[PDB]
Amino acid sequence: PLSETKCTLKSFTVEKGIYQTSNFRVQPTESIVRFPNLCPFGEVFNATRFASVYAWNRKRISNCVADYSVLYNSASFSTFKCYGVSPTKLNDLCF
Amino acid sequence: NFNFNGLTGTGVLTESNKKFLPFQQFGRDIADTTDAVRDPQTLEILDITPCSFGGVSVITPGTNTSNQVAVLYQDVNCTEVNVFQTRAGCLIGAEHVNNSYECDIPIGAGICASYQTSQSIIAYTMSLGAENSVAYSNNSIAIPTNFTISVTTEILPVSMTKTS
Amino acid sequence: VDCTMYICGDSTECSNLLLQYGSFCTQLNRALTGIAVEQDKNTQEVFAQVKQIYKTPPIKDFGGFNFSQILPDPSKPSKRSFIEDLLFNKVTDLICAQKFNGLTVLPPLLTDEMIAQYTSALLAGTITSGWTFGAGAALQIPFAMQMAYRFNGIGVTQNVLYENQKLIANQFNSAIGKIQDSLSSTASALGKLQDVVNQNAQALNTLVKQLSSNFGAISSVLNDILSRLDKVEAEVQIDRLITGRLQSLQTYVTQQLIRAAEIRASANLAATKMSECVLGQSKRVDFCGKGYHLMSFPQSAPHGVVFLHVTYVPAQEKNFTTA
Amino acid sequence: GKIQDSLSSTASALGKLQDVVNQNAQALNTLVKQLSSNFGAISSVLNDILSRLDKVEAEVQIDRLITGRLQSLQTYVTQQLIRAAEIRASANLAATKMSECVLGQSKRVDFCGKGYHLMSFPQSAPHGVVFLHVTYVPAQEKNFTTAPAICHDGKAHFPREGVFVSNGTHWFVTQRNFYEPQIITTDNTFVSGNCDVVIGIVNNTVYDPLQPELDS
Ligand SMILES: *[C@@H]1O[C@H](CO)[C@@H](O[C@@H]2O[C@H](CO)[C@@H](O)[C@H](O)[C@H]2NC(C)=O)[C@H](O)[C@H]1NC(C)=O
Ligand SMILES: *[C@@H]1O[C@H](CO)[C@@H](O[C@@H]2O[C@H](CO)[C@@H](O)[C@H](O)[C@H]2NC(C)=O)[C@H](O)[C@H]1NC(C)=O
Ligand SMILES: *[C@@H]1O[C@H](CO)[C@@H](O[C@@H]2O[C@H](CO)[C@@H](O)[C@H](O)[C@H]2NC(C)=O)[C@H](O)[C@H]1NC(C)=O
Ligand SMILES: *[C@@H]1O[C@H](CO)[C@@H](O)[C@H](O)[C@H]1NC(C)=O
Ligand SMILES: *[C@@H]1O[C@H](CO)[C@@H](O)[C@H](O)[C@H]1NC(C)=O
Ligand SMILES: *[C@@H]1O[C@H](CO)[C@@H](O)[C@H](O)[C@H]1NC(C)=O
Ligand SMILES: *[C@@H]1O[C@H](CO)[C@@H](O)[C@H](O)[C@H]1NC(C)=O
Ligand SMILES: *[C@@H]1O[C@H](CO)[C@@H](O)[C@H](O)[C@H]1NC(C)=O
Ligand SMILES: *[C@@H]1O[C@H](CO)[C@@H](O)[C@H](O)[C@H]1NC(C)=O
């Protein structure tokens with residue numbers, strides 16, 4: 001913690017008096033996830049009958065868990081894009 | 001580093017006496033920053049708080065005198081770090097002194113450090129001034145019999161380097 | 001303020017970008033430290049002009065003037081004159097909220113208890129030693145024989161006081177009393193102090209609330225703004241946060257610099273009064289407050305100072321033909 | 001002679017000046033270093049962005065250079081303005097001291113430095129001024145019994161200037177800031193009131209210049 005002062009002072013002779021050098025941020029020991037199914041992607045993505053665009057089908061989905069892995073492991077999909085979504089953090093995301 | 005029902009945050013979770021309304025979720029503060037939370041699996045009111053933070057401060061006599069330094073951790077409690085606890089934070093490497101001398105290297109809240117006694121950086125409550133008590137009585141006057149003429153340099157800026 | 005943290009919370013991703021703005025982060029600390037340093041220089045210049053700490057004698061006989069109001073209270077744990085407590089109650093969470101994001105409140109070098117020892121000394125020497133303690137070693141002089149001079153200062157021959165002493169005693173004391181209620185019954189007298197404290201806590205709130213603004217970025221949470229966004233596109237987003245926030249500091253910093261420069265001017269005004277008015281007797285008309293000035297009594301107040309100016313105001317007139 | 005010894009080894013007494021010169025070159029330095037910063041653009045060299053890319057892209061990048069540098073000026077400039085006023089107030093104080101202290105004699109207390117002020121001698125210094133304040137400081141004190149007044153015949157006698165003192169027997173009136181005792185005569189003292197009112201008046205005899213002059 002002394003040598004940092006010489007870098008902040010920018011002088012091999014640090015004259016008398018107190019110098020602010022660095023900051024310490026206590027890092028956290030471990031994570032607490034304190035929550036108080038499966039999501040039908042085999043029923044949506046392997047579904048047998050999609051309607052057209054004039055009467056498109058909409059399925060509100062909640063209260064289940066995301067299988068976001070095999071989405072990327074599918075790799076038979078032509079155009080697959082995401083805006084504001086990260087693949088690594090997709091599992092981490094809690095919609 | 002906590003996540004409560006999708007709420008994420010990093011703090012010091014403690015017991016707390018503040019009492020929610022039942023339907024509520026987050027307590028908050030004037031800054032809208034998350035303050036208190038309710039543990040979902042068993043309802044209890046947990047505070048939150050910053051980590052130790054503060055700035056590091058290296059108290060040193062001139063490198064001409066010593067290479068020894070006393071580190072002041074500002075505004076922390078001495079755990080997360082010869083140690084001494086101050087008003088201004090956690091000080092390390094300066095031996096406390098019950099004696100009180102002139103403030104020399106100002107630290108905070110009256111704590112002032114100086115190098116002298118072998119030697120070690122010390123830390124002590126600064127004495128403001130030396131003490132005197134005027135000897136006073138309603139008939140008592142003290143008239144100077146002799147004087148000095150002192151020349152005291154006083155120095156002021158006038159102009160600064162002009163630029164364009 | 002911690003520039004790297006306040007801008008980039010807990011993210012190296014953002015933290016690396018900040019390096020591309022160079023010395024902004026450092027020069028802000030260099031700026032605020034310049035303020036923070038001279039603040040304890042202000043308080044240094046004002047309060048401690050006196051070489052030694054004088055203390056009042058054990059027994060108070062001033063000729064009828066009652067200073068128990070203004071002198072340190074021996075029965076308080078922190079010894080502060082009865083009046084000063086009225087002040088510390090008027091002036092006044094923000095305790096850790098600011099301290100979340102790297103907004104720190106450093107302790108003033110001089111504790112309030114120390115400030116009350118200076119303003120005891122200055123007030124102890126003023127009473128016993130007259131004005132001479134500012135010019136050198138304090139000289140005990142009978143207080144009633146002090147006020148004979150301070151009349152000669154304003155042109156009233158001293159034979160007025162030696163004859164009117166008892167009267168002047170009561171007028172003084174009864175004047176001190178009303179100073180209590182003047183403070184006690186109205187909270188707007190301290191507005192000057194109260195405004196300073198508010199404006200500081202004001203901008204801090206504003207500075208904090210700037211963390212929650214989008215600044216054109218998709219969100220104000222740096223995690224969602226940087227981690228959710230592609231390590232390619234999220235760069236441009238975090239700029240709008242950084243550029244926004246980093247600017248928002250310079251706004252705050254510049255305000256403090258300007259505002260401190262006002263206080264720096266007000267501090268000298270105090271240090272001028274403290275030297276001329278308290279330590280000496282002022283010949284400057286209405287510099288010490290309306291009327292011919294006799295003496296002044298400093299009193300500390302939070303991040304401020306309060307003077308009690310004892311002044312001489314004539315009253316009853318009689319038309320006279322003159323030549 | 002003490003002054004010249006102080007300066008001979010004192011780097012600090014000029015700290016006020018040395019700081020001002022520093023802080024400018026400081027912000028001047030920092031102003032320069034800001035020419036080396038990316039500011040988000042792909043490089044901090046102006047041309048090296050150009051010759052790398054076709055200009056319709058450079059028009060975008062050079063923003064983040066200009067937006068950066070232009071800001072860094074307004075930071076530096078707004079600094080100087082603030083810092084200028086700081087010198088500005090100091091310059092006003094110097095004019096006040098130059099005017100009052102040197103060209104006058106300042107009745108103001110501790111404006112010209114501790115002690116009663118006699119005169120000041122200005123001395124130039126780089127980007128500044130240095131006053132040598134010659135001040136009159138009393139030294140040796142002697143505890144004296146005093147009285148605010150002296151009865152004579154029942155009239156009260158007060159000093160014109162100074163105070164009645166005694167070393168314990170003979171009452172002397174003396175000037176205040178120096179001990180110069182003198183026997184008490186009407187030329188020292190004026191008559192006001194009588195012996196009842198004054199608090200602390202003592203019993204004494206104020207010698208008369210005139211009475212002996214008669215006796216022949
Ligand atoms: C100075 O004034 C204070 C109050 O302003 C006096 O203290 C009071 O003393 C009387 C005794 O007759 C008590 O009944 C009161 O309760 C006291 N009040 C307080 C607030 O302490 C004090 O006696 C006065 N002293 C002089 C020398 O004038
Ligand atoms: C106080 O000062 C007076 C003034 O000098 C002293 O009176 C003189 O004392 C000396 C003693 O050496 C005698 O020789 C003179 O004749 C005295 N003159 C007068 C006019 O009295 C006095 O003695 C001093 N007293 C004390 C206690 O210091
Ligand atoms: C000064 O002298 C006067 C007399 O000229 C003193 O006044 C009287 O003092 C005696 C005691 O010695 C009392 O018994 C009398 O009652 C006093 N006068 C009256 C009318 O009451 C005085 O005490 C002496 N001392 C001073 C005042 O300094
Ligand atoms: C400072 O150190 C130098 C050697 O680097 C020495 O010559 C000089 O005497 C020292 N001065 C003080 C005040 O310590
Ligand atoms: C430090 O922690 C101890 C207990 O852990 C507590 O008694 C003390 O008050 C704390 N001090 C500060 C300044 O937090
Ligand atoms: C000061 O004295 C107390 C006892 O009153 C003692 O506990 C403490 O250790 C002393 N401080 C130092 C630095 O020795
Ligand atoms: C002096 O005379 C004027 C005449 O108008 C009057 O106003 C004033 O009150 C008089 N002074 C006193 C003390 O009565
Ligand atoms: C005056 O009396 C006080 C009484 O304590 C003493 O301390 C002081 O030294 C005396 N003055 C001189 C010049 O000795
Ligand atoms: C001065 O104070 C003393 C108390 O020590 C007292 O006896 C004396 O009467 C007082 N004299 C005056 C004039 O106040």
# chains A, B, ... in the order shown; residues from 1 in each chain; ligands from 1
>>> residues_around(residues="residue 134 of chain C", least_positions_apart="2", cutoff="7 Å", atoms="only C-alpha atoms", output="PyMOL selection string")
(chain C and resi 50+131-132+136+279) or (chain D and resi 114)
>>> residues_near_ligand(ligand="ligand 3", cutoff="7 Å", atoms="only C-alpha atoms and all ligand atoms", output="mmCIF file with N, CA, C and O atoms, in the first residue's frame")
data_model
loop_
_atom_site.group_PDB
_atom_site.id
_atom_site.type_symbol
_atom_site.label_atom_id
_atom_site.label_comp_id
_atom_site.auth_asym_id
_atom_site.auth_seq_id
_atom_site.Cartn_x
_atom_site.Cartn_y
_atom_site.Cartn_z
ATOM 1 N N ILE D 201 -13.764 52.869 42.149
ATOM 2 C CA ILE D 201 -12.967 54.048 42.402
ATOM 3 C C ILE D 201 -12.224 53.883 43.720
ATOM 4 O O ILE D 201 -12.683 53.212 44.647
ATOM 5 N N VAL D 202 -11.010 54.438 43.784
ATOM 6 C CA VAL D 202 -10.186 54.321 45.025
ATOM 7 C C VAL D 202 -9.999 55.712 45.637
ATOM 8 O O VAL D 202 -10.449 56.699 45.022
ATOM 9 N N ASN D 203 -9.360 55.776 46.810
ATOM 10 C CA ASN D 203 -9.089 57.064 47.505
ATOM 11 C C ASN D 203 -7.631 57.458 47.241
ATOM 12 O O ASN D 203 -6.733 56.675 47.614
#
>>> select_by_dssp(residues="segment 148-197 of chain D", states="strand (DSSP E or B)", output="JSON list (two decimals) with N, CA, C and O atoms, in the first residue's frame")
[["chain", "number", "residue", "atom", "x", "y", "z"],
["D", 150, "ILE", "N", -10.37, 57.61, 40.25],
["D", 150, "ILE", "CA", -9.72, 58.09, 41.46],
["D", 150, "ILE", "C", -10.51, 59.26, 42.02],
["D", 150, "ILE", "O", -10.63, 60.30, 41.37],
["D", 151, "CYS", "N", -11.02, 59.11, 43.24],
["D", 151, "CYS", "CA", -11.55, 60.25, 43.96],
["D", 151, "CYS", "C", -10.44, 61.21, 44.31],
["D", 151, "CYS", "O", -9.31, 60.80, 44.60],
["D", 156, "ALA", "N", -14.63, 62.83, 40.67],
["D", 156, "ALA", "CA", -13.98, 61.66, 40.10],
["D", 156, "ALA", "C", -13.00, 62.12, 39.05],
["D", 156, "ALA", "O", -13.24, 63.11, 38.36],
["D", 157, "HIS", "N", -11.88, 61.42, 38.94],
["D", 157, "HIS", "CA", -10.88, 61.71, 37.93],
["D", 157, "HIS", "C", -10.69, 60.49, 37.07],
["D", 157, "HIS", "O", -10.48, 59.39, 37.58],
["D", 158, "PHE", "N", -10.80, 60.68, 35.76],
["D", 158, "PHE", "CA", -10.58, 59.61, 34.81],
["D", 158, "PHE", "C", -9.42, 59.98, 33.91],
["D", 158, "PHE", "O", -9.19, 61.16, 33.63],
["D", 159, "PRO", "N", -8.67, 59.00, 33.42],
["D", 159, "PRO", "CA", -7.54, 59.31, 32.55],
["D", 159, "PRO", "C", -8.04, 59.80, 31.20],
["D", 159, "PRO", "O", -9.03, 59.29, 30.68],
["D", 163, "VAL", "N", -4.65, 54.29, 31.64],
["D", 163, "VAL", "CA", -5.36, 53.84, 32.82],
["D", 163, "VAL", "C", -4.56, 54.10, 34.08],
["D", 163, "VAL", "O", -3.33, 54.14, 34.08],
["D", 164, "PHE", "N", -5.30, 54.31, 35.16],
["D", 164, "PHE", "CA", -4.71, 54.38, 36.48],
["D", 164, "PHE", "C", -4.19, 53.02, 36.86],
["D", 164, "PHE", "O", -4.93, 52.04, 36.81],
["D", 165, "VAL", "N", -2.93, 52.95, 37.24],
["D", 165, "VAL", "CA", -2.36, 51.73, 37.77],
["D", 165, "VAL", "C", -1.60, 52.08, 39.02],
["D", 165, "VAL", "O", -1.35, 53.24, 39.33],
["D", 166, "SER", "N", -1.24, 51.04, 39.76],
["D", 166, "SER", "CA", -0.22, 51.19, 40.78],
["D", 166, "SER", "C", 0.48, 49.87, 40.94],
["D", 166, "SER", "O", -0.11, 48.80, 40.72],
["D", 171, "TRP", "N", -0.28, 55.62, 42.89],
["D", 171, "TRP", "CA", -1.11, 55.46, 41.71],
["D", 171, "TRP", "C", -0.52, 56.20, 40.54],
["D", 171, "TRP", "O", -0.24, 57.40, 40.62],
["D", 172, "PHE", "N", -0.31, 55.48, 39.45],
["D", 172, "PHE", "CA", 0.25, 56.03, 38.24],
["D", 172, "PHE", "C", -0.74, 55.85, 37.11],
["D", 172, "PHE", "O", -1.38, 54.80, 36.99],
["D", 173, "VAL", "N", -0.88, 56.87, 36.29],
["D", 173, "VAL", "CA", -1.58, 56.75, 35.02],
["D", 173, "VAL", "C", -0.54, 56.50, 33.94],
["D", 173, "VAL", "O", 0.52, 57.13, 33.93],
["D", 174, "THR", "N", -0.83, 55.57, 33.05],
["D", 174, "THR", "CA", 0.11, 55.23, 32.00],
["D", 174, "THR", "C", -0.64, 54.94, 30.72],
["D", 174, "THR", "O", -1.82, 54.57, 30.73],
["D", 182, "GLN", "N", 3.42, 57.78, 35.00],
["D", 182, "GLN", "CA", 3.52, 59.21, 35.20],
["D", 182, "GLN", "C", 2.67, 59.59, 36.40],
["D", 182, "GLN", "O", 1.61, 59.01, 36.62],
["D", 185, "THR", "N", -1.82, 64.13, 37.49],
["D", 185, "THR", "CA", -2.19, 65.52, 37.64],
["D", 185, "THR", "C", -3.36, 65.81, 36.73],
["D", 185, "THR", "O", -3.73, 65.00, 35.88],
["D", 189, "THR", "N", -5.84, 63.87, 33.80],
["D", 189, "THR", "CA", -7.15, 63.37, 34.16],
["D", 189, "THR", "C", -8.21, 64.45, 34.00],
["D", 189, "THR", "O", -7.97, 65.62, 34.27],
["D", 190, "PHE", "N", -9.40, 64.03, 33.60],
["D", 190, "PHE", "CA", -10.53, 64.94, 33.53],
["D", 190, "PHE", "C", -11.57, 64.56, 34.56],
["D", 190, "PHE", "O", -11.67, 63.40, 34.97],
["D", 191, "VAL", "N", -12.35, 65.54, 34.98],
["D", 191, "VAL", "CA", -13.31, 65.39, 36.06],
["D", 191, "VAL", "C", -14.68, 65.08, 35.48],
["D", 191, "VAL", "O", -15.11, 65.73, 34.53]]
>>> interface_residues(of="chain C", to="chain A", cutoff="9 Å", atoms="only C-alpha atoms", output="number ranges by chain")
C: 2, 218, 224-225, 227-231, 234
>>> residues_near_ligand(ligand="ligand 4", cutoff="9 Å", atoms="only C-alpha atoms and all ligand atoms", output="mmCIF file with N, CA and C atoms, in the first residue's frame")
data_model
loop_
_atom_site.group_PDB
_atom_site.id
_atom_site.type_symbol
_atom_site.label_atom_id
_atom_site.label_comp_id
_atom_site.auth_asym_id
_atom_site.auth_seq_id
_atom_site.Cartn_x
_atom_site.Cartn_y
_atom_site.Cartn_z
ATOM 1 N N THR A 13 10.352 10.841 -4.322
ATOM 2 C CA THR A 13 10.381 11.385 -2.977
ATOM 3 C C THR A 13 8.981 11.857 -2.645
ATOM 4 N N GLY B 62 7.943 12.323 5.503
ATOM 5 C CA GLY B 62 8.644 12.427 4.241
ATOM 6 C C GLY B 62 9.501 11.199 3.995
ATOM 7 N N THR B 63 9.530 10.752 2.741
ATOM 8 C CA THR B 63 10.427 9.663 2.390
ATOM 9 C C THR B 63 11.868 10.014 2.708
ATOM 10 N N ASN B 64 12.146 11.288 2.995
ATOM 11 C CA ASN B 64 13.471 11.687 3.440
ATOM 12 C C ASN B 64 13.738 11.220 4.859
ATOM 13 N N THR B 65 12.711 11.195 5.705
ATOM 14 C CA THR B 65 12.840 10.713 7.073
ATOM 15 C C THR B 65 12.778 9.192 7.133
#
>>> select_by_dssp(residues="segment 2-80 of chain A", states="helix (DSSP H, G or I)", output="short mmCIF file (atom, residue, chain, number, x, y, z; two decimals) with C-alpha atoms, in the first residue's frame")
data_model
loop_
_atom_site.label_atom_id
_atom_site.label_comp_id
_atom_site.auth_asym_id
_atom_site.auth_seq_id
_atom_site.Cartn_x
_atom_site.Cartn_y
_atom_site.Cartn_z
CA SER A 3 4.48 1.98 -3.32
CA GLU A 4 1.05 2.95 -4.78
CA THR A 5 1.51 6.40 -3.10
CA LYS A 6 4.75 6.96 -5.12
CA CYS A 7 2.79 6.22 -8.35
CA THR A 8 -0.03 8.63 -7.30
CA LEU A 9 2.55 11.29 -6.25
CA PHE A 41 -40.71 -25.60 -25.88
CA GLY A 42 -41.19 -29.17 -27.02
CA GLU A 43 -44.84 -28.22 -27.47
CA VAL A 44 -44.16 -24.88 -29.18
CA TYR A 68 -32.20 -22.31 -23.44
CA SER A 69 -29.32 -24.75 -24.03
CA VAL A 70 -30.80 -26.85 -26.85
CA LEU A 71 -32.04 -23.69 -28.54
CA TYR A 72 -28.43 -23.07 -29.51
CA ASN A 73 -27.69 -26.78 -29.79
CA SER A 74 -30.50 -27.15 -32.35
#
>>> interface_residues(of="chain B", to="chain A", cutoff="7 Å", atoms="only C-alpha atoms", output="list in words")
residues 1, 2, 3, 4, 5, 6, 40, 41, 51, 52, 53, 54, 55, 56, 57, 58, 59, 60, 61, 62, 63, 69 and 105 of chain B
>>> residues_near_ligand(ligand="ligand 1", cutoff="8 Å", atoms="only C-alpha atoms and all ligand atoms", output="list in words")
residues 60, 61, 64, 65, 66, 67, 68, 69, 173 and 177 of chain C
>>> residues_near_ligand(ligand="ligand 7", cutoff="8 Å", atoms="only C-alpha atoms and all ligand atoms", output="list in words")
residues 316, 317, 318 and 319 of chain C
>>> closest_residue(among="C:251, C:101, C:165, C:140", to="ligand 8", atoms="only C-alpha atoms and all ligand atoms")
C:140
>>> residues_around(residues="segment 141-149 of chain B", least_positions_apart="6", cutoff="7 Å", atoms="only C-alpha atoms", output="PyMOL selection string")
(chain C and resi 139-142) or (chain D and resi 134-146+176-179)
>>> closest_residue(among="B:26, B:136, B:84, B:115", to="chain D", atoms="only C-alpha atoms")
B:136
>>> residues_near_ligand(ligand="ligand 5", cutoff="12 Å", atoms="only C-alpha atoms and all ligand atoms", output="list in words")
residues 49, 51, 52, 73, 74, 75, 76, 77, 78, 79, 80, 84, 85, 86, 87, 88, 89 and 90 of chain B
>>> atom_distance(atom1="atom CA of residue 91 of chain D", atom2="atom CA of residue 158 of chain B")
4.6 Å
>>> closest_atom_pairs(of="chain D", to="ligand 9", cutoff="9 Å", atoms="only C-alpha atoms and all ligand atoms", output="tab-separated table")
residue	atom	partner	partner_atom_place_in_ligand_line	distance
D:147	CA	ligand 9	13 (C)	8.0
D:148	CA	ligand 9	13 (C)	8.7
D:198	CA	ligand 9	13 (C)	8.6
D:199	CA	ligand 9	13 (C)	5.1
D:200	CA	ligand 9	13 (C)	3.4
D:201	CA	ligand 9	13 (C)	7.1
D:202	CA	ligand 9	13 (C)	8.8
>>> write_last_selection(atoms="N, CA, C and O atoms", output="tab-separated table (two decimals), in the first residue's frame")
chain	number	residue	atom	x	y	z
D	147	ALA	N	-7.24	50.82	38.95
D	147	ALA	CA	-8.56	51.29	39.30
D	147	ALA	C	-9.13	52.09	38.15
D	147	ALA	O	-8.41	52.88	37.53
D	148	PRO	N	-10.42	51.95	37.86
D	148	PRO	CA	-11.03	52.74	36.78
D	148	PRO	C	-11.15	54.20	37.10
D	148	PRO	O	-11.42	54.99	36.20
D	198	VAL	N	-19.15	55.44	40.42
D	198	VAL	CA	-18.14	54.56	39.86
D	198	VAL	C	-17.98	53.33	40.73
D	198	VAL	O	-17.98	53.41	41.96
D	199	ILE	N	-17.84	52.18	40.09
D	199	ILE	CA	-17.63	50.92	40.78
D	199	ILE	C	-16.14	50.60	40.67
D	199	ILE	O	-15.65	50.24	39.60
D	200	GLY	N	-15.44	50.69	41.79
D	200	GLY	CA	-14.01	50.47	41.79
D	200	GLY	C	-13.16	51.70	41.97
D	200	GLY	O	-11.93	51.59	41.96
D	201	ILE	N	-13.76	52.87	42.15
D	201	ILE	CA	-12.97	54.05	42.40
D	201	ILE	C	-12.22	53.88	43.72
D	201	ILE	O	-12.68	53.21	44.65
D	202	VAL	N	-11.01	54.44	43.78
D	202	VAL	CA	-10.19	54.32	45.03
D	202	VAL	C	-10.00	55.71	45.64
D	202	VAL	O	-10.45	56.70	45.02
>>> interface_residues(of="chain C", to="chain B", cutoff="6 Å", atoms="only C-alpha atoms", output="list in words")
residues 52, 53, 54, 55, 93, 100, 107, 108, 109, 110, 111, 139, 140, 141 and 142 of chain C
>>> write_last_selection(atoms="C-alpha atoms", output="PDB file, in the first residue's frame")
ATOM      1  CA  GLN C  52      -3.107  29.310  23.046  1.00  0.00           C
ATOM      2  CA  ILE C  53      -6.339  27.941  24.448  1.00  0.00           C
ATOM      3  CA  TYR C  54      -7.475  30.333  27.142  1.00  0.00           C
ATOM      4  CA  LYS C  55     -10.154  29.334  29.590  1.00  0.00           C
ATOM      5  CA  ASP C  93     -31.310   8.226   4.507  1.00  0.00           C
ATOM      6  CA  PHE C 100     -23.504   3.126  -1.695  1.00  0.00           C
ATOM      7  CA  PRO C 107     -15.113  13.765   8.482  1.00  0.00           C
ATOM      8  CA  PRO C 108     -14.176  17.410   8.969  1.00  0.00           C
ATOM      9  CA  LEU C 109     -10.669  17.530  10.397  1.00  0.00           C
ATOM     10  CA  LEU C 110     -11.870  19.452  13.451  1.00  0.00           C
ATOM     11  CA  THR C 111     -14.538  17.813  15.565  1.00  0.00           C
ATOM     12  CA  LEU C 139      -3.120  40.771  29.066  1.00  0.00           C
ATOM     13  CA  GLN C 140      -5.599  40.397  31.893  1.00  0.00           C
ATOM     14  CA  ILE C 141      -7.580  43.601  32.237  1.00  0.00           C
ATOM     15  CA  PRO C 142     -10.707  44.304  34.310  1.00  0.00           C
TER      16      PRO C 142
END
